[PDB]
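The data below hold one chain only, encoded as structure tokens and taken in the form deposited in one PDB entry.
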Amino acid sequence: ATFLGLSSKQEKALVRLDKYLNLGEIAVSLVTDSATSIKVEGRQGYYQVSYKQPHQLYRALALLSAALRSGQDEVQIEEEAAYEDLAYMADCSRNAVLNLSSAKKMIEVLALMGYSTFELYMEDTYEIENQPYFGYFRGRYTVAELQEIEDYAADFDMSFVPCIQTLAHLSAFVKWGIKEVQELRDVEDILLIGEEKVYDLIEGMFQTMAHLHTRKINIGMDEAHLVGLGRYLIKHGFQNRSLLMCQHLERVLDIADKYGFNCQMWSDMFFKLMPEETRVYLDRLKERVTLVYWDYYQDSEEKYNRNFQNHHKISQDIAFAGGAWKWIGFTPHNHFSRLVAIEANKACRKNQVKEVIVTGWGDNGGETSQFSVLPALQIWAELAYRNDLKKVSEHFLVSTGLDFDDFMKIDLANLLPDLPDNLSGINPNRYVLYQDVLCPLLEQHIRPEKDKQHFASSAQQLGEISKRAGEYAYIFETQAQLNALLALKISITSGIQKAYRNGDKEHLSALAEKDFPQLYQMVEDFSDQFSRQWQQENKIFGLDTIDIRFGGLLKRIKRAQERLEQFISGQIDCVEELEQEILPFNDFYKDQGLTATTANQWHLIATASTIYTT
């Protein structure tokens, strides 16, 4: 294609996006117009594209690319976006630090989808001058790395917002047994309010971020239960948590003001607005921040509406944070993400929300692909720009080169048949993998025939998708292997429970001789595939935790084989592990009558023994 009206900046962006767009030999003219977000109009090889915000050029060109692929000559498209700002926040704090190549790829995709803003969540994973332990061995970003990411987003007229922590959720930092870190602590993952060395640290955070162009930052500042109750209590006695939060927030805002930053934060601290001089304190501080209402779970518009109404009692500056579900193990939940997005979008529109942030957390090790939730991201963009999903497949094909319904199957290891679609966090991908074989703590939450058949079918389906997934094949290969592994692991685990119960030493010998070596090899092969996926997407730091978890699983599989062999041979009279009555693992979904559950802490899945505690 050729263009009239481009800046040199837009020219360079279109060179970068050439591989996504399939415009062919057409002529496009550009206009800037505030009347509607995007307009694309033309026929017979000549089209005019208009955009309100500069970044919207790239979604407009994706819309044109799609309309022409669908066989249109005549094009007449107009979109009015619901949200002035639409952001994606990737988690870089849960061991997976997005590498620069992958950050650049994500920015390109987000540009084509229509996002205005890219965000990275970094607890301790950026460098601070004079804090050598902050981000130590974590793959922390350097200033130059953050600048490179910010500048790449700016190349597409997209903004950048760092999401940091100024009070709590600094667990990887506060673990270091050095005076200059320990003196900063209250208790658990929480920094010490009122400590001047803590305000020195926080000033360091802002000094790092001041090297960027952006002057918008998310400071966190959610309200942890133990704030004020550790070393704070020992130094000062008991204080109202809300008063401490106020004192701390004022200090943080005074620092942000010094460096020219405007702060966003979670709204939780202000729920009380929705002692005399403390209410006054909250009321003054609320004027200085943008509040973000976060909700990843609710299945009905009206539930969101009630919360928006309550927030608007105290401020009109309320942003919304929704969820692209990628924090429940190795496998995302784009399906659940879609369900909640549909409802949240209704509520955000009704309550005149101007900014939506889609969050991509990575809870407990960052085991899910950084690109696992592209479908959810497209869904939110379609909802924002069109208020429907009628063109989600056509637009997704531009964004990714793949079929949307194929990509949605990435979820399969979580999609057990007949689960209610509105229940979140159900993650057998993860807990079926990591549970022990001899002492399977999740065994009563598994349907050993039904679930096994689901995983086996899923592996076959994903094997076929991977062959047509191009540069994303690697993520589907990981999922195909996982599903195959889960099916065999269930067969063996449940098979041992039954053969042992019935004293069937012959079936146990078959398992020991044939199935165990197969399982062991499949786990080794899975670790190798996962390692390829990790290294494509993330810095090397953090893969070590997954090495530990997989290494341990492998050794436990070897133990199970050896213990069974000794029982079969007569070297031992019984396998005491297999004599124990198994109980439910948790009751999270007992009230809903489910067999599956949510279990999202590796150390609790893998063993009942102590492993972190003293």
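Take the two forms, find the largest set of C-alpha atoms that superpose within 1.5 Å, and that set is the rigid core. From 1 onward, residues are counted along the sequence shown.
FYI, the form deposited with a small molecule bound isn't displayed, but the following is about it.
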Checklist entry - So, in the bound PDB entry, is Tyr297 in contact with the small molecule at a 4.5 angstroms heavy atom limit? => result yes
Checklist entry - So, in the bound PDB entry, is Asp222 in contact with the small molecule at a 4.5 angstroms heavy atom limit? => result yes
Next on the checklist: Within 4.5 Å, heavy atoms only: does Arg94 come near the small molecule in the bound PDB entry?
Outcome noted: yes
Checklist entry - Should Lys391 be counted as a contact of the small molecule in the bound PDB entry, where contact means heavy atoms within 4.5 Å? => result no
Next on the checklist: Considering non-hydrogen atoms and a 4.5 Å limit, which listed residue (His335, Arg386, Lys346, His169) is close to the small molecule in the bound PDB entry?
Outcome noted: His169
Checklist outcome for this item: Picking from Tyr281, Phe206, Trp534, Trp361, the single residue whose non-hydrogen atoms come within 4.5 angstroms of the small molecule in the bound PDB entry is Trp361
Checklist entry - Where does the small molecule sit in the bound PDB entry: which of 240 to 248, 100 to 108, 289 to 297, 453 to 461, heavy atoms within 4.5 Å? => result 289 to 297
Checklist entry - So which one of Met106, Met269, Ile190, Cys163 actually moves, Cα shift of 2 Å or more between this form and the one not shown once the core is superposed? => result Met269
